[PDB]
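model20.cif follows (mmCIF, C-alpha atoms):
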data_query
#
loop_
_atom_site.group_PDB
_atom_site.id
_atom_site.type_symbol
_atom_site.label_atom_id
_atom_site.label_comp_id
_atom_site.auth_asym_id
_atom_site.auth_seq_id
_atom_site.Cartn_x
_atom_site.Cartn_y
_atom_site.Cartn_z
ATOM 1 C CA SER M 1 122.497 -122.493 -196.396
ATOM 2 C CA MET M 2 125.600 -121.246 -194.485
ATOM 3 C CA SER M 3 128.776 -121.903 -196.523
ATOM 4 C CA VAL M 4 126.620 -123.823 -199.113
ATOM 5 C CA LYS M 5 125.899 -121.801 -202.246
ATOM 6 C CA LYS M 6 124.485 -122.561 -205.675
ATOM 7 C CA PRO M 7 126.847 -121.510 -208.515
ATOM 8 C CA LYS M 8 127.015 -117.644 -208.978
ATOM 9 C CA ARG M 9 124.706 -116.423 -211.826
ATOM 10 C CA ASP M 10 126.252 -113.449 -213.660
ATOM 11 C CA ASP M 11 124.005 -110.498 -212.797
ATOM 12 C CA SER M 12 126.340 -107.679 -213.925
ATOM 13 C CA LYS M 13 124.328 -106.912 -217.100
ATOM 14 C CA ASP M 14 120.873 -107.000 -215.427
ATOM 15 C CA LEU M 15 120.680 -103.211 -214.976
ATOM 16 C CA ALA M 16 121.444 -102.572 -218.594
ATOM 17 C CA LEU M 17 119.152 -105.237 -219.865
ATOM 18 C CA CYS M 18 116.163 -104.045 -217.621
ATOM 19 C CA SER M 19 116.844 -100.519 -219.037
ATOM 20 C CA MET M 20 116.596 -101.828 -222.560
ATOM 21 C CA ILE M 21 113.406 -103.656 -221.930
ATOM 22 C CA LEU M 22 111.950 -100.531 -220.276
ATOM 23 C CA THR M 23 113.037 -98.417 -223.329
ATOM 24 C CA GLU M 24 111.214 -100.853 -225.559
ATOM 25 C CA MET M 25 108.096 -100.553 -223.377
ATOM 26 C CA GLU M 26 108.352 -96.757 -223.296
ATOM 27 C CA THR M 27 108.492 -96.555 -227.099
ATOM 28 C CA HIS M 28 105.645 -99.046 -227.890
ATOM 29 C CA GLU M 29 102.613 -97.364 -229.404
ATOM 30 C CA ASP M 30 100.255 -98.746 -226.777
ATOM 31 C CA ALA M 31 102.420 -97.347 -223.860
ATOM 32 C CA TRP M 32 100.492 -94.048 -223.618
ATOM 33 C CA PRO M 33 98.170 -95.018 -220.762
ATOM 34 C CA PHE M 34 101.275 -95.985 -218.722
ATOM 35 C CA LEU M 35 103.959 -93.371 -219.404
ATOM 36 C CA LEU M 36 103.096 -91.080 -216.510
ATOM 37 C CA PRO M 37 101.460 -91.321 -213.102
ATOM 38 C CA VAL M 38 97.646 -91.273 -213.188
ATOM 39 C CA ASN M 39 96.562 -87.797 -212.071
ATOM 40 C CA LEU M 40 94.924 -88.548 -208.740
ATOM 41 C CA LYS M 41 93.229 -85.144 -208.572
ATOM 42 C CA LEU M 42 91.567 -85.640 -211.985
ATOM 43 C CA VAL M 43 90.628 -89.317 -212.056
ATOM 44 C CA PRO M 44 87.828 -90.105 -209.632
ATOM 45 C CA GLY M 45 88.168 -93.382 -207.800
ATOM 46 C CA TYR M 46 91.858 -93.930 -208.635
ATOM 47 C CA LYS M 47 93.376 -92.868 -205.386
ATOM 48 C CA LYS M 48 91.068 -94.946 -203.185
ATOM 49 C CA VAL M 49 90.886 -97.985 -205.364
ATOM 50 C CA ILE M 50 94.540 -98.423 -206.538
ATOM 51 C CA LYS M 51 96.578 -98.934 -203.423
ATOM 52 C CA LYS M 52 99.950 -98.913 -205.213
ATOM 53 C CA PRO M 53 100.042 -96.696 -208.330
ATOM 54 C CA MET M 54 102.872 -97.471 -210.754
ATOM 55 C CA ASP M 55 103.872 -96.175 -214.204
ATOM 56 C CA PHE M 56 106.870 -96.376 -216.571
ATOM 57 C CA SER M 57 108.359 -92.960 -215.617
ATOM 58 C CA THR M 58 108.351 -93.926 -211.956
ATOM 59 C CA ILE M 59 109.934 -97.322 -212.799
ATOM 60 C CA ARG M 60 112.506 -95.426 -214.877
ATOM 61 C CA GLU M 61 113.435 -93.079 -212.016
ATOM 62 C CA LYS M 62 113.647 -96.032 -209.533
ATOM 63 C CA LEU M 63 115.880 -97.941 -211.965
ATOM 64 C CA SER M 64 118.196 -95.013 -212.606
ATOM 65 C CA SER M 65 118.620 -94.270 -208.889
ATOM 66 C CA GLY M 66 119.373 -97.865 -207.659
ATOM 67 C CA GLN M 67 116.058 -98.483 -206.030
ATOM 68 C CA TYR M 68 115.650 -102.006 -207.534
ATOM 69 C CA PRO M 69 117.645 -104.507 -205.503
ATOM 70 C CA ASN M 70 117.309 -107.209 -208.142
ATOM 71 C CA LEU M 71 115.518 -108.041 -211.421
ATOM 72 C CA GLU M 72 112.505 -109.594 -209.580
ATOM 73 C CA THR M 73 111.627 -106.343 -207.844
ATOM 74 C CA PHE M 74 111.815 -104.631 -211.292
ATOM 75 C CA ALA M 75 109.417 -107.224 -212.829
ATOM 76 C CA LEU M 76 107.060 -106.788 -209.848
ATOM 77 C CA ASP M 77 106.647 -103.026 -210.581
ATOM 78 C CA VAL M 78 106.161 -103.639 -214.309
ATOM 79 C CA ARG M 79 103.480 -106.237 -213.601
ATOM 80 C CA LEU M 80 101.847 -103.887 -211.056
ATOM 81 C CA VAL M 81 101.339 -101.369 -213.863
ATOM 82 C CA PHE M 82 99.243 -104.006 -215.752
ATOM 83 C CA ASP M 83 97.486 -105.356 -212.727
ATOM 84 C CA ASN M 84 96.410 -101.848 -211.785
ATOM 85 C CA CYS M 85 95.222 -101.342 -215.350
ATOM 86 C CA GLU M 86 93.062 -104.526 -215.144
ATOM 87 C CA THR M 87 91.593 -103.437 -211.796
ATOM 88 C CA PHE M 88 90.428 -100.053 -213.122
ATOM 89 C CA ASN M 89 89.622 -100.663 -216.793
ATOM 90 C CA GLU M 90 87.217 -102.895 -218.666
ATOM 91 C CA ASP M 91 88.983 -105.470 -220.917
ATOM 92 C CA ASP M 92 86.884 -104.055 -223.812
ATOM 93 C CA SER M 93 88.223 -100.461 -223.735
ATOM 94 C CA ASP M 94 91.216 -98.960 -225.419
ATOM 95 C CA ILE M 95 93.165 -98.744 -222.147
ATOM 96 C CA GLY M 96 92.109 -102.265 -221.083
ATOM 97 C CA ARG M 97 93.393 -103.635 -224.435
ATOM 98 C CA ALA M 98 96.581 -101.545 -224.211
ATOM 99 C CA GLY M 99 97.307 -103.194 -220.887
ATOM 100 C CA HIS M 100 96.861 -106.727 -222.149
ATOM 101 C CA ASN M 101 99.060 -106.005 -225.149
ATOM 102 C CA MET M 102 101.870 -104.369 -223.086
ATOM 103 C CA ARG M 103 101.860 -107.206 -220.555
ATOM 104 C CA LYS M 104 102.222 -109.758 -223.349
ATOM 105 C CA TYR M 105 104.962 -107.718 -224.901
ATOM 106 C CA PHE M 106 106.823 -107.382 -221.583
ATOM 107 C CA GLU M 107 106.528 -111.069 -220.658
ATOM 108 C CA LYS M 108 108.042 -112.225 -223.961
ATOM 109 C CA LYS M 109 111.016 -109.853 -223.719
ATOM 110 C CA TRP M 110 111.460 -110.948 -220.080
ATOM 111 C CA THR M 111 111.513 -114.656 -220.991
ATOM 112 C CA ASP M 112 113.757 -114.104 -224.013
ATOM 113 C CA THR M 113 116.223 -111.980 -222.079
ATOM 114 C CA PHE M 114 116.519 -113.933 -218.817
ATOM 115 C CA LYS M 115 114.818 -117.485 -218.974
#

How does this structure look as structure tokens?
Amino acid sequence: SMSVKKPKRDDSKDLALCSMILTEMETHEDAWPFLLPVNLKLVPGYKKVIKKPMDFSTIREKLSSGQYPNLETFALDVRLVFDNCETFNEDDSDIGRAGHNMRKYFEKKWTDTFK
């Protein structure tokens, strides 16, 4: 509350560390469904169904231009990529499996880096 603060966590390396995680996601072999925005002219249903499209390139641009206020807003966008994937894709498809794998991969790096 006012004039009553928890001890200051060092957040000065967050930007760099989120960048590294993102690089690791970008370079994973199962990243391909997620590297670029889904082409809303060519994929029927996507525009109407997925209210908030998100992809790694878009996260990368946001990160690089100071549009994440903190590491939670970064993790929200990453998770949105996988949540969107689950909404549109059957679990038993290549893309559906890619999404499960990438989420698992992300969540481990996130825990190991920050928790």

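If you measure from each of M:45, M:37, M:53, M:7 to residue 84 in chain M using all atoms listed in the file, the closest one turns out to be M:53.
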
*Using the chain letters and numbering of this document, enumerate as number ranges by chain the residues selected by the PyMOL selection byres ((chain M and resi 26) around 12).*
M: 19-25, 27-36, 55-60, 78, 102, 105-106

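For residue 11 in chain M, the non-local neighbours within 12 Å, defined as residues at least 3 positions apart in the same chain or in other chains and counting all atoms listed in the file, are residues 8, 14, 15, 16, 17, 18, 69, 70, 71, 72 and 114 of chain M.
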
May I have the residues from that selection written out with C-alpha atoms, as a PDB file, in the coordinates of the input?
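again.pdb, freshly written:
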ATOM      1  CA  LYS M   8     127.015-117.644-208.978  1.00  0.00           C
ATOM      2  CA  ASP M  14     120.873-107.000-215.427  1.00  0.00           C
ATOM      3  CA  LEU M  15     120.680-103.211-214.976  1.00  0.00           C
ATOM      4  CA  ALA M  16     121.444-102.572-218.594  1.00  0.00           C
ATOM      5  CA  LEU M  17     119.152-105.237-219.865  1.00  0.00           C
ATOM      6  CA  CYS M  18     116.163-104.045-217.621  1.00  0.00           C
ATOM      7  CA  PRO M  69     117.645-104.507-205.503  1.00  0.00           C
ATOM      8  CA  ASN M  70     117.309-107.209-208.142  1.00  0.00           C
ATOM      9  CA  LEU M  71     115.518-108.041-211.421  1.00  0.00           C
ATOM     10  CA  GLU M  72     112.505-109.594-209.580  1.00  0.00           C
ATOM     11  CA  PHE M 114     116.519-113.933-218.817  1.00  0.00           C
TER      12      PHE M 114
END

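Here CA of residue 87 in chain M and CA of residue 66 in chain M stand 28.6 Å from one another.
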
*Rank nothing, just name the residue among M:2, M:88, M:111, M:103 nearest to residue 48 in chain M, using all atoms listed in the file.*
M:88

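Counting from CA of residue 54 in chain M, the distance to CA of residue 77 in chain M is 6.7 Å.
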
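With all atoms listed in the file as the basis for measurement, M:79 is the residue among M:79, M:43, M:51, M:92 that approaches residue 104 in chain M most closely.
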
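Using all atoms listed in the file, the smallest distance between any of M:40, M:49, M:4, M:75 and residue 110 in chain M comes from M:75.
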
*Who sits within 12 Å of residue 89 in chain M, all atoms listed in the file, same chain under 4 positions skipped, as a PyMOL selection string*: chain M and resi 33+45-46+49-50+82-85+93-100

*Work out how far CA of residue 90 in chain M is from CA of residue 107 in chain M, in Å to one decimal.*
21.1 Å
